[PDB]
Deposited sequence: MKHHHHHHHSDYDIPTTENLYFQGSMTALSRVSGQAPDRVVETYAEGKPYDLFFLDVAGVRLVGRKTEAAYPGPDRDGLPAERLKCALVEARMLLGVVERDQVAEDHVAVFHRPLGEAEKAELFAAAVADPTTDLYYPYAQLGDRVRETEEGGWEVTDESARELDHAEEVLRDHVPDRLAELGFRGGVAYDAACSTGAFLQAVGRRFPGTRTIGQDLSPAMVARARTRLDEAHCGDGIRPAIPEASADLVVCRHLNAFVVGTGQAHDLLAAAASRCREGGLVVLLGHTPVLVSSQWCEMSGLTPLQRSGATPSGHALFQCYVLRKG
């Protein structure tokens, strides 16, 4: 017996249906608010945050097909037992090449409300807070994948917090940020070696001059799909051959790992796990060929 999960375009959230590429099948689930940043301790329930994190309890089933209608999207799956949910998730957590993706990220009415970002200090602290798990995982993981400093470039550095954490992990690395918003640059001048204002489609640094390129904005509610591709190409062109390009998102990343492959960017990592194994999140680490 198959089952169906549905998200409508008007009131629903198609971008909350996620696929996990595990054991040569696709598992579908529906993101809800996760235990953040880590799992619940005894007598101390973790904050619940809608964010990059998905958990095993959010899984639903093994995908057979989808159906994309005039007013909703449906995924037909074989529902998973609660035990296999845990096992398949553990297997994903054990293998950072596991893809995690959101194929309807740009589908529906809510994402059309996208309109750079001039925010208050508190709003900026909230942006930073939802990327804490990312700032704690990626730097160490870049080291495990062989990064040894150099020049690091964030093509949409917002507050500068993320690239600042890369710099701290790798002493002597020059941190170069760029952001469309002048207000953001003002904030990042306090944390980066360089902070440039301008649309990332016109990169502020020369071609093949960066050892690491970071893009945390090619996401739903930030840019559109074709925009995300053009911005990836501009950012990746700043990476030298053999360098690393990293794509992350608080909201779903709009570029597929397949498109990355097509662009000559080899995925060395597609997802990351919290240290407890309780949650997974998109983490595309790509080698520039």
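- Residues of the deposited sequence lacking C-alpha coordinates fall in the stretches 1-35, 151-152, numbered from 1.
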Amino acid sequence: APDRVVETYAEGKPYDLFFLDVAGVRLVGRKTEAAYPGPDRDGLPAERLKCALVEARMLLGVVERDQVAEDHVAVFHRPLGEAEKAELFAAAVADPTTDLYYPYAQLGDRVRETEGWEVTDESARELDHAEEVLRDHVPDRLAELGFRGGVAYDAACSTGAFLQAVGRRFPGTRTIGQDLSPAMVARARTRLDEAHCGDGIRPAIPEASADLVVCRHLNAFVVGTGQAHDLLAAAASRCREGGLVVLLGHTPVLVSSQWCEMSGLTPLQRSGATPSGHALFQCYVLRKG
From here on, numbers count along this sequence of modelled residues.
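- Comparing the deposited coordinates for 80-88 and 149-157, the stretch with the larger average C-alpha B-factor is 80-88.
- The mean C-alpha temperature factor is higher for 187-195 when 187-195 and 100-108 are set side by side.
- Reading the B-factor column for the CA atoms of 263, 67, 257, 251 in the entry, the top value corresponds to 263.
- Residue-level temperature factors show residue 216 in the lowest third of its chain, judged at the C-alpha atom.
- Ranked against the other modelled residues of its chain, the C-alpha B-factor of residue 123 as given in the entry falls in the highest third.
- Ranked by Cα temperature factor within the chain, residue 136 sits in the highest third according to the deposited record.
- Split the chain's modelled residues into thirds by C-alpha temperature factor. Residue 178 is in the lowest one.
- Residue 238: CA B factor lies in the middle third for its chain, per the PDB record.
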